[PDB]
There are 2 protein chains.
Amino acid sequence: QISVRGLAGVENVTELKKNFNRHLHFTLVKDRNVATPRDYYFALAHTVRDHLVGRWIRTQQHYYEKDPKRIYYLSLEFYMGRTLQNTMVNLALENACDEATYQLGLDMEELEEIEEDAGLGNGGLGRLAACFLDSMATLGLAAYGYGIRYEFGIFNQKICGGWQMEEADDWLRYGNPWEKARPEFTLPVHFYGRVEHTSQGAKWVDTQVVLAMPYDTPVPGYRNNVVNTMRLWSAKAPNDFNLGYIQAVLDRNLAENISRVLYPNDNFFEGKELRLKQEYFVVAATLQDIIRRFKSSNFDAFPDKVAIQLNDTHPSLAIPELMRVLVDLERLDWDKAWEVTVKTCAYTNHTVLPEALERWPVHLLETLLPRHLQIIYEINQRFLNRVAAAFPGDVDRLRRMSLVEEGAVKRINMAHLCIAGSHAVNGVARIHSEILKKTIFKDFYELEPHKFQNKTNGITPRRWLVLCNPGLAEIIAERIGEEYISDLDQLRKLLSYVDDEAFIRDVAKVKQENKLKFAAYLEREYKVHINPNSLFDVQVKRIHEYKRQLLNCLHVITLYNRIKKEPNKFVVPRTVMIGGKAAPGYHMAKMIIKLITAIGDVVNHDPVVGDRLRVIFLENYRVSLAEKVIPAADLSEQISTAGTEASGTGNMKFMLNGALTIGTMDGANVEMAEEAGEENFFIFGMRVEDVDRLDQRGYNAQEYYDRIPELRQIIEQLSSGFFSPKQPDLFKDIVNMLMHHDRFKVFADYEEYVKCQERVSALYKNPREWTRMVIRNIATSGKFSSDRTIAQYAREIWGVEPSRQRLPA
Amino acid sequence: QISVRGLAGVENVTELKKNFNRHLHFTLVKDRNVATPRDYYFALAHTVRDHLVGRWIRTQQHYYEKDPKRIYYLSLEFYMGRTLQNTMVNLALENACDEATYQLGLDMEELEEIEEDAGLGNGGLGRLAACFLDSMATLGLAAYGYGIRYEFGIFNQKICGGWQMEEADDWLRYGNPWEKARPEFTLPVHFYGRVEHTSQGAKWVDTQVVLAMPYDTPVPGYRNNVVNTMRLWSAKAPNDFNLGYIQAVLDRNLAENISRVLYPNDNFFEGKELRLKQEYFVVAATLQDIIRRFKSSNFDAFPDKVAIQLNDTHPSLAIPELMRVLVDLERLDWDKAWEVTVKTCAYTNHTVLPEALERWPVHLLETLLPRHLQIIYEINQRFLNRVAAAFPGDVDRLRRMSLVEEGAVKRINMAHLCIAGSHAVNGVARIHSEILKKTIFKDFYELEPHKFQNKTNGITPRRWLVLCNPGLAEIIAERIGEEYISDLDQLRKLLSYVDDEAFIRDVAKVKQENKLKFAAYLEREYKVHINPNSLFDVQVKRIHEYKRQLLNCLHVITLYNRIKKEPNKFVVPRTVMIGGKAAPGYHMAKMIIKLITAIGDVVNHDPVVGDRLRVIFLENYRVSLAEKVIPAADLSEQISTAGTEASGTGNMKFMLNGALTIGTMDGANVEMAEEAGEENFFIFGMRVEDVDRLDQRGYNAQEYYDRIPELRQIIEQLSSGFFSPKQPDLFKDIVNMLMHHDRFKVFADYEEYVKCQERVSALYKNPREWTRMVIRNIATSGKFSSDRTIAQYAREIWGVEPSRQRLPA
Ligand SMILES: O=C(Nc1ccn([C@H]2C[C@@H](F)[C@H](O)[C@@H](CO)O2)c(=O)n1)c1ccccc1
Ligand SMILES: O=C(Nc1ccn([C@H]2C[C@@H](F)[C@H](O)[C@@H](CO)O2)c(=O)n1)c1ccccc1
């Protein structure tokens, strides 16, 4: 139907149809008379999966023969979403499967909606890992993603009476056709026990054993016949476990609880024992697998054949675990072992918020991992000896840099452990990486400046354009060809079309079609009625105070109050959509969701407003929903307080898909504006330096309330019960926080934000000039492909060359 | 290679080879370079499974079109063993797969050993259910087996220092290629809650819900293209379950514990709540499935289209559950509902031992199943009104017949509930069925004589001859053809060969080959050295006092003592093998295992004995081990105290496979001896009437000890520490039980048993006359095919005609 979706040859279509029918009969054990749409989805998934296996076996055989340097990406989160369409895209099978299913009397898009998301992450950090796997395969790198196969991923969010409710995400209920269990490569992991010292070194004894069983999922590169592996570990009790009789069998559950559920708290550290067990479990099983594979090729060459990338500090125990194995089991001396470890490991930081840093109580490590605690103390002593030699007499530096934090409870700072034991430390956007060198890791940067790098985040143009926005991918390919899909810098060629009346019309037409599709989806699956001619104003991301969904709320109420003040005045109509999940224990985030729905309840039912303003809370935001709403957006809200969002990646998805951005100079927004030109971006608010000035002086929210009459009115409406008539004091916590305890200075950016929003509305009144600015954004989005990002990791950290060359089919 | 194993045609062999290679590549995702024998087993299992699915789909479609009366066999145990060879046998694929695998460079028998047993039962009752499924499919009946998919079946038994140790039977670890999950047919099951009375009847409210997810396994008939279904339910928590957050997800395990593990106690009732939940879970989900299927065809015709067979009282809650559904949900009046229930249900009793009867505490039923308790009280009241009208003034009869037992704790007698609510009640051998009418159910037989039947047990000649003893099946088919495999009465034709010198030699040759094979197996997999020329004397069955493994022990010690007394005298050499699992909490049974190994330790290492006597404990006895040892046996020990073993089925397996029987006149032994002729059986000991005489008088074990010098010596050896030098008093519990508290009168049968054993040894000295008696046994074993048994259930209980006609291929 459309060219970017590949060929639908007679031979291929014929073959797909017969393999579909074979799977329905032999694999699903059904006939057409009893088959449900879910059966049809599974028959299709099994048919596409068959096309992967040949390439998967030959890719792994090739790595064994050629023995390249292997890249191991360790993460506690992989936010993968759905797999069927992504696989078809990367294999050039989409049009053929479309034709084949059409001829069988089926609608492929309907079958695609049956697949569950693999929701094994919370947000940006987990989705980054997923984009990275796609780019590593597309660039022909010998890479493996290693994680945990959670039985329950991120909860499903229901909204009841305006409140978030959590439901278990039982994503494996119907089975997962993409994974292959490998019970034959099961490995033991040890917990508790104690340390014995012999003549021949330390011994970790009397441990409890949990088994780690791997499940492998294929990761196809874009049309290069490369298929890499994501290996996820599942916890199993050993068979002599606890072995009155009935209870001993039932208690096997205790061991298997390790892989049961993803912790849903992002940007807030809780020192729970089960989380620590999860972190060690992934690290210990992964490291045995790495060493196994290396021996099947003397540890001097270890860093030449192995790179380990730590996705934040979550897998930081890799550092002392690798030391444990090299020293205790392989009997290398300390200094040699340490050299190998440092050259092998590298660490990526994703936040500067203090409450998000992992600082584990020593008493936990003492009981659970007694040998690792001893290794950490020894690392600390030797590291601080170096600091002392470089900065003699600087006793406070020693306290600041220690891996051991003194106090009420002693803790281990995992970020300090990661810097000490890695040859490279990177932030995730230029501004973030600079803040690391100047503030939180300043001491470490002074000691070892060579370690610190930047690697600005990116997104995969496969999932985030071709898959989710085929209409836009097509009008682009018509002018410039198909090469941009794996070389996104080619989008620059589109600047020579900014005055092309045909292109302008095509860009605007694709956006309108996207909005109609999404406007209909809202009514079908959620029974809500929106005007598709309105400006689609969207903020989708996890709910946190720093992301300032509340500032968005203040603008919405301002617009409503202005309308009620002058009802017969013209305003540009808007549909304001906000979505995202809150962490189950985060009270303020749950209150913000309730406020948004409460505003909707008032605004959406005021007859004087008409269809000039609508406020929609988008329920259960997740990867598959993102693929729908992002192509439909006109305005992307990226309004975190300057200095708080390390990079952002949602921002990049919106830029690629033809939305304009309103945002602060924070995270990757700075580089986006630099690429597109500041004239083509809606920048507002305090810069980082302005925030610091305000902190030195002292932030007084009262000053703003006193001097801005429009802001005062809103606060009075909130306090008095305007948005909660039956429960007048419902929002008192929100008002109190805003007035007296606001870490993120919502009031301070209010005036400039409202002013900037007026400028957005002004441009939207001129469709032709709106679209020309859109083209300037899409055309300059090339830097933000994760192919660029991964190529920089490869060259500057891992020491390997990317390859765009195909393997034989 | 051998004719009974079918054809190996060029076309078939070619096809099997290519489908094997396809499964290895696409299903297992391996090449030949990395494949292990387990991979090869799975590729073969998937290849054979493909041949079932066509017939499975068309069998079930046929039942929908023709709408026959459906038979539902409810059991908490299905002791299935391995599936691969059984499937090949029933599909006539064995020789072809043998050829195909040979040509691929593989040994099929080696791959067969990789499959795990489906150990979802304890012993005779569970294995009977498995033989029954095979016979129902072979006789073309529209039958479904319904049970629980336990994650852990009967424990694996290890012997450590002579003691039994239990290990979890993690049989699903590598996957089960035979089952198909059907998450689409998931059904809710309710627990706890309370009863409300409305104007329109009772309502069961405020319940906790557990989901029941079915898994279907194919059951192929013997070469008739019929494939029936065994549907096993798995427990799942609902997704809003318990829905701080982390714990609520982890607590889902509580619900899912219902299907976690098989209770390993046979013949001893424990009133554990988890067991009650298991019993209701299977009944509630099964009954919804039955009704669903019936509606897709007015409840008057219900008994015309449905039969429910209760395998003991374990699924007895079907009776009040069916009443609950018909009265509370369908709104039938009580009397009509009861008529339907009685005509639908039938009950099979498997034991007379008082401690095995299910008598559930009323307080358990009150809390867990409040509505069912009310229904049971109402059933009881109406039943006792009938007893009172038939036997006016007989107040003690009313107490004896009540479903409610009075006392310390009130209990419900589930056996009484089953008789009241079933149109048929049967025992499992003629002697057992007579004991039911004369003793434990005498009152019920007087009230409703028409309800009571006999159905003597049987075994399937597919698993228990063709599969496990192909050598014997072949020499038989050479003379009389292949028809006997589904018409076992044809074995009578073999009587005309009792004087045939060629046949005599062939029968003896097959036995010797079986013994050599098993003698080698013992050395390979268990490093133990036996003489294959010795008489193989075997007792394999679950360990219980009533089965009298201890009497066997007394004989063994007698033989050892006689040898030591006159070392240079000739005796017929024996290998005495005893095997079977003990229930984890049964102390005496665990002591008996230790005694057997302790005797072995002394006997097997006495240089004066030589290889004239060996005592072997066969570890981890289970279905796959039975298939090995039974064809190797010369002597079958069936020596329960008269009146205690309801039928036995192991006895029948040994008779079919060319062992002679030493046994009491108990259970089916009586009918076996009647079929073969008493001259061709080694019968000894008290009859039932002799046991009763002894009970009236009072059993005094001292009298035997005082009057039998050989018995006194053994007891003195046991007490003094002869068999436990380092632990002289180890066996004091055993001696005390024998001397003062022996319910099963071991001493009373001792003299006659030893005498009878001398007669066995005498016949074994004359190989030709031994074999002629063997032929007379095999020739008269036809009555004990489960095809005969199932045909009687069909005609006399279920009201359906068996059919040997094929479905189209
Ligand atoms: O800080 C935690 N979890 C985080 C931290 C940062 N991030 C984001 C921030 C965003 F700027 C960036 O674009 C994205 C990819 O780099 O990472 C995120 O998604 N989860 C955390 C995790 C577990 C426990 C406690 C805190
Ligand atoms: O009595 C119980 N469990 C039994 C009872 C009898 N049986 C056997 C006895 C045997 F004679 C017969 O051949 C075979 C088939 O009919 O059944 C058996 O294998 N389990 C029981 C079960 C659960 C809890 C408590 C007791």
# chains A, B, ... in the order shown; residues from 1 in each chain; ligands from 1
>>> interface_residues(of="chain B", to="chain A", cutoff="7 Å", atoms="only C-alpha atoms", output="PDB file with N, CA, C and O atoms, in the first residue's frame")
ATOM      1  N   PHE B  26      13.063 -24.517  14.032  1.00  0.00           N
ATOM      2  CA  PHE B  26      12.074 -23.471  14.259  1.00  0.00           C
ATOM      3  C   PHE B  26      11.467 -23.455  15.668  1.00  0.00           C
ATOM      4  O   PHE B  26      11.128 -22.384  16.192  1.00  0.00           O
ATOM      5  N   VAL B  29      14.891 -23.759  18.233  1.00  0.00           N
ATOM      6  CA  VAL B  29      15.907 -22.745  17.879  1.00  0.00           C
ATOM      7  C   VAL B  29      17.323 -23.256  18.192  1.00  0.00           C
ATOM      8  O   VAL B  29      18.063 -22.656  18.984  1.00  0.00           O
ATOM      9  N   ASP B  50       2.328 -33.582  16.458  1.00  0.00           N
ATOM     10  CA  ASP B  50       1.693 -33.074  15.231  1.00  0.00           C
ATOM     11  C   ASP B  50       0.700 -34.078  14.638  1.00  0.00           C
ATOM     12  O   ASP B  50      -0.323 -33.680  14.076  1.00  0.00           O
ATOM     13  N   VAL B  53      -2.967 -33.961  16.412  1.00  0.00           N
ATOM     14  CA  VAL B  53      -3.855 -32.775  16.421  1.00  0.00           C
ATOM     15  C   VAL B  53      -5.018 -32.874  15.441  1.00  0.00           C
ATOM     16  O   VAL B  53      -6.141 -32.490  15.771  1.00  0.00           O
ATOM     17  N   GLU B 166      12.700 -36.930  50.823  1.00  0.00           N
ATOM     18  CA  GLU B 166      11.744 -36.451  49.831  1.00  0.00           C
ATOM     19  C   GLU B 166      12.320 -35.263  49.086  1.00  0.00           C
ATOM     20  O   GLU B 166      12.917 -34.373  49.702  1.00  0.00           O
ATOM     21  N   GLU B 167      12.153 -35.264  47.764  1.00  0.00           N
ATOM     22  CA  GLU B 167      12.524 -34.135  46.916  1.00  0.00           C
ATOM     23  C   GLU B 167      11.343 -33.715  46.059  1.00  0.00           C
ATOM     24  O   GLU B 167      10.619 -34.567  45.556  1.00  0.00           O
ATOM     25  N   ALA B 168      11.154 -32.403  45.912  1.00  0.00           N
ATOM     26  CA  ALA B 168      10.128 -31.843  45.038  1.00  0.00           C
ATOM     27  C   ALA B 168      10.248 -32.393  43.618  1.00  0.00           C
ATOM     28  O   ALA B 168      11.335 -32.393  43.037  1.00  0.00           O
ATOM     29  N   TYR B 174      11.254 -28.161  32.398  1.00  0.00           N
ATOM     30  CA  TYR B 174      11.671 -28.058  30.998  1.00  0.00           C
ATOM     31  C   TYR B 174      10.503 -27.859  30.035  1.00  0.00           C
ATOM     32  O   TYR B 174      10.702 -27.770  28.821  1.00  0.00           O
ATOM     33  N   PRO B 183      -6.288 -20.479  28.174  1.00  0.00           N
ATOM     34  CA  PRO B 183      -6.633 -19.328  29.044  1.00  0.00           C
ATOM     35  C   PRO B 183      -7.967 -18.673  28.691  1.00  0.00           C
ATOM     36  O   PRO B 183      -8.571 -17.993  29.533  1.00  0.00           O
ATOM     37  N   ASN B 239      -6.917 -10.237  38.725  1.00  0.00           N
ATOM     38  CA  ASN B 239      -5.933  -9.132  38.620  1.00  0.00           C
ATOM     39  C   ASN B 239      -6.128  -7.933  39.553  1.00  0.00           C
ATOM     40  O   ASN B 239      -5.185  -7.170  39.806  1.00  0.00           O
ATOM     41  N   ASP B 240      -7.347  -7.780  40.066  1.00  0.00           N
ATOM     42  CA  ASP B 240      -7.640  -6.787  41.100  1.00  0.00           C
ATOM     43  C   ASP B 240      -7.371  -7.356  42.503  1.00  0.00           C
ATOM     44  O   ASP B 240      -7.665  -6.702  43.506  1.00  0.00           O
ATOM     45  N   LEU B 243      -5.935  -5.774  45.551  1.00  0.00           N
ATOM     46  CA  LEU B 243      -5.728  -4.443  44.977  1.00  0.00           C
ATOM     47  C   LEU B 243      -7.048  -3.723  44.699  1.00  0.00           C
ATOM     48  O   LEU B 243      -8.005  -3.830  45.471  1.00  0.00           O
ATOM     49  N   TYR B 245       1.684  -1.950  47.866  1.00  0.00           N
ATOM     50  CA  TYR B 245       1.574  -2.435  46.476  1.00  0.00           C
ATOM     51  C   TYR B 245       2.369  -3.716  46.223  1.00  0.00           C
ATOM     52  O   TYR B 245       1.815  -4.676  45.694  1.00  0.00           O
ATOM     53  N   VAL B 249       0.872  -7.748  45.348  1.00  0.00           N
ATOM     54  CA  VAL B 249       1.284  -8.584  44.222  1.00  0.00           C
ATOM     55  C   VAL B 249       1.873  -9.907  44.706  1.00  0.00           C
ATOM     56  O   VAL B 249       1.546 -10.965  44.170  1.00  0.00           O
ATOM     57  N   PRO B 584       5.189 -39.067  53.785  1.00  0.00           N
ATOM     58  CA  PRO B 584       6.145 -38.315  54.599  1.00  0.00           C
ATOM     59  C   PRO B 584       5.924 -38.350  56.115  1.00  0.00           C
ATOM     60  O   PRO B 584       6.911 -38.367  56.855  1.00  0.00           O
TER      61      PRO B 584
END
>>> residues_near_ligand(ligand="ligand 1", cutoff="7 Å", atoms="only C-alpha atoms and all ligand atoms", output="ChimeraX atom specification")
/A:122-126,128,265-270,350-351,356-358,428,457,645-649,667
>>> residues_around(residues="residue 186 (chain B)", least_positions_apart="6", cutoff="9 Å", atoms="only C-alpha atoms", output="NGL selection string")
:B and (211-214 or 285)
>>> write_last_selection(atoms="C-alpha atoms", output="mmCIF file, in the first residue's frame")
data_model
loop_
_atom_site.group_PDB
_atom_site.id
_atom_site.type_symbol
_atom_site.label_atom_id
_atom_site.label_comp_id
_atom_site.auth_asym_id
_atom_site.auth_seq_id
_atom_site.Cartn_x
_atom_site.Cartn_y
_atom_site.Cartn_z
ATOM 1 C CA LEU B 211 -9.674 -18.310 38.705
ATOM 2 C CA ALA B 212 -9.498 -21.814 37.174
ATOM 3 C CA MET B 213 -7.463 -22.002 33.961
ATOM 4 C CA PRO B 214 -7.719 -25.254 31.944
ATOM 5 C CA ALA B 285 -14.808 -25.449 37.643
#
>>> atom_distance(atom1="CA of residue 232 (chain B)", atom2="CA of residue 320 (chain B)")
21.5 Å
>>> residues_around(residues="residue 226 (chain B)", least_positions_apart="4", cutoff="8 Å", atoms="only C-alpha atoms", output="VMD selection string")
chain B and resid 55 to 56 59 137 to 138 140 220 to 221 806 to 807
>>> atom_distance(atom1="CA of residue 202 (chain B)", atom2="CA of residue 325 (chain B)")
11.3 Å
>>> closest_residue(among="B:24, B:424, B:395, B:414", to="residue 343 (chain B)", atoms="only C-alpha atoms")
B:424
>>> residues_around(residues="region 492-498 of chain A", least_positions_apart="3", cutoff="7 Å", atoms="only C-alpha atoms", output="MDAnalysis selection string")
chainID A and resid 489 503 772 775:776 779:780
>>> write_last_selection(atoms="N, CA, C and O atoms", output="CSV table (one decimal), in the first residue's frame")
chain,number,residue,atom,x,y,z
A,489,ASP,N,20.4,11.9,10.0
A,489,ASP,CA,21.0,13.2,9.6
A,489,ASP,C,20.5,13.6,8.2
A,489,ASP,O,20.5,14.8,7.9
A,503,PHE,N,4.7,20.1,-0.3
A,503,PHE,CA,5.2,19.5,0.9
A,503,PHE,C,4.5,20.1,2.1
A,503,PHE,O,4.0,19.3,3.0
A,772,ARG,N,5.5,25.5,8.5
A,772,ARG,CA,6.9,25.8,8.1
A,772,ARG,C,7.8,25.7,9.2
A,772,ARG,O,8.9,25.1,9.1
A,775,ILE,N,8.3,22.0,9.9
A,775,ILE,CA,9.3,21.4,8.9
A,775,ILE,C,10.7,21.7,9.4
A,775,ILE,O,11.6,20.8,9.2
A,776,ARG,N,11.0,22.9,9.9
A,776,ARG,CA,12.3,23.2,10.4
A,776,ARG,C,12.7,22.4,11.6
A,776,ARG,O,13.9,22.1,11.8
A,779,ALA,N,13.3,18.6,10.2
A,779,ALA,CA,14.5,18.6,9.4
A,779,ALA,C,15.8,18.6,10.2
A,779,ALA,O,16.8,18.1,9.7
A,780,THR,N,15.7,19.1,11.5
A,780,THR,CA,16.9,19.2,12.3
A,780,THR,C,16.9,18.2,13.5
A,780,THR,O,17.6,18.4,14.5
>>> select_by_dssp(residues="region 594-698 of chain A", states="helix (DSSP H, G or I)", output="ChimeraX atom specification")
/A:594-603,623-632,650-656,669-676,678-680,688-697
>>> decode(residues="region 620-637 of chain B", atoms="N, CA and C atoms", output="mmCIF file, in the first residue's frame")
data_model
loop_
_atom_site.group_PDB
_atom_site.id
_atom_site.type_symbol
_atom_site.label_atom_id
_atom_site.label_comp_id
_atom_site.auth_asym_id
_atom_site.auth_seq_id
_atom_site.Cartn_x
_atom_site.Cartn_y
_atom_site.Cartn_z
ATOM 1 N N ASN B 620 12.723 -44.899 44.401
ATOM 2 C CA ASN B 620 11.879 -44.040 43.574
ATOM 3 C C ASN B 620 10.912 -44.791 42.645
ATOM 4 N N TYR B 621 10.250 -45.810 43.185
ATOM 5 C CA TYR B 621 9.247 -46.564 42.435
ATOM 6 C C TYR B 621 8.137 -45.655 41.926
ATOM 7 N N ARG B 622 7.827 -45.800 40.637
ATOM 8 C CA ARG B 622 6.937 -44.907 39.918
ATOM 9 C C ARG B 622 6.569 -45.616 38.614
ATOM 10 N N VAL B 623 5.683 -45.018 37.818
ATOM 11 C CA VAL B 623 5.171 -45.702 36.600
ATOM 12 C C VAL B 623 6.301 -46.162 35.645
ATOM 13 N N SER B 624 7.263 -45.291 35.337
ATOM 14 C CA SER B 624 8.346 -45.664 34.402
ATOM 15 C C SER B 624 9.234 -46.804 34.924
ATOM 16 N N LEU B 625 9.434 -46.862 36.240
ATOM 17 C CA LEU B 625 10.183 -47.964 36.849
ATOM 18 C C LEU B 625 9.388 -49.279 36.809
ATOM 19 N N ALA B 626 8.078 -49.181 37.040
ATOM 20 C CA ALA B 626 7.190 -50.340 36.939
ATOM 21 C C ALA B 626 7.292 -51.005 35.558
ATOM 22 N N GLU B 627 7.338 -50.181 34.512
ATOM 23 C CA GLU B 627 7.426 -50.680 33.132
ATOM 24 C C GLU B 627 8.709 -51.464 32.886
ATOM 25 N N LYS B 628 9.712 -51.231 33.725
ATOM 26 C CA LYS B 628 10.996 -51.926 33.642
ATOM 27 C C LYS B 628 11.029 -53.211 34.483
ATOM 28 N N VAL B 629 10.667 -53.103 35.759
ATOM 29 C CA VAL B 629 10.809 -54.226 36.689
ATOM 30 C C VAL B 629 9.747 -55.322 36.500
ATOM 31 N N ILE B 630 8.522 -54.933 36.160
ATOM 32 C CA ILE B 630 7.446 -55.912 36.050
ATOM 33 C C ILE B 630 7.731 -56.995 34.986
ATOM 34 N N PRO B 631 8.123 -56.609 33.751
ATOM 35 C CA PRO B 631 8.473 -57.653 32.756
ATOM 36 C C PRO B 631 9.633 -58.562 33.151
ATOM 37 N N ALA B 632 10.455 -58.109 34.099
ATOM 38 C CA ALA B 632 11.608 -58.853 34.594
ATOM 39 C C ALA B 632 11.290 -59.820 35.745
ATOM 40 N N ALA B 633 10.103 -59.711 36.333
ATOM 41 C CA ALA B 633 9.759 -60.485 37.533
ATOM 42 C C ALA B 633 9.444 -61.957 37.265
ATOM 43 N N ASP B 634 9.860 -62.823 38.191
ATOM 44 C CA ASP B 634 9.475 -64.234 38.205
ATOM 45 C C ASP B 634 8.337 -64.465 39.208
ATOM 46 N N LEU B 635 8.443 -63.826 40.372
ATOM 47 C CA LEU B 635 7.492 -63.999 41.472
ATOM 48 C C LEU B 635 6.916 -62.652 41.931
ATOM 49 N N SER B 636 5.585 -62.559 41.919
ATOM 50 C CA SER B 636 4.821 -61.373 42.324
ATOM 51 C C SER B 636 4.280 -61.558 43.742
ATOM 52 N N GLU B 637 4.696 -60.686 44.660
ATOM 53 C CA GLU B 637 4.265 -60.767 46.062
ATOM 54 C C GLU B 637 3.010 -59.928 46.301
#
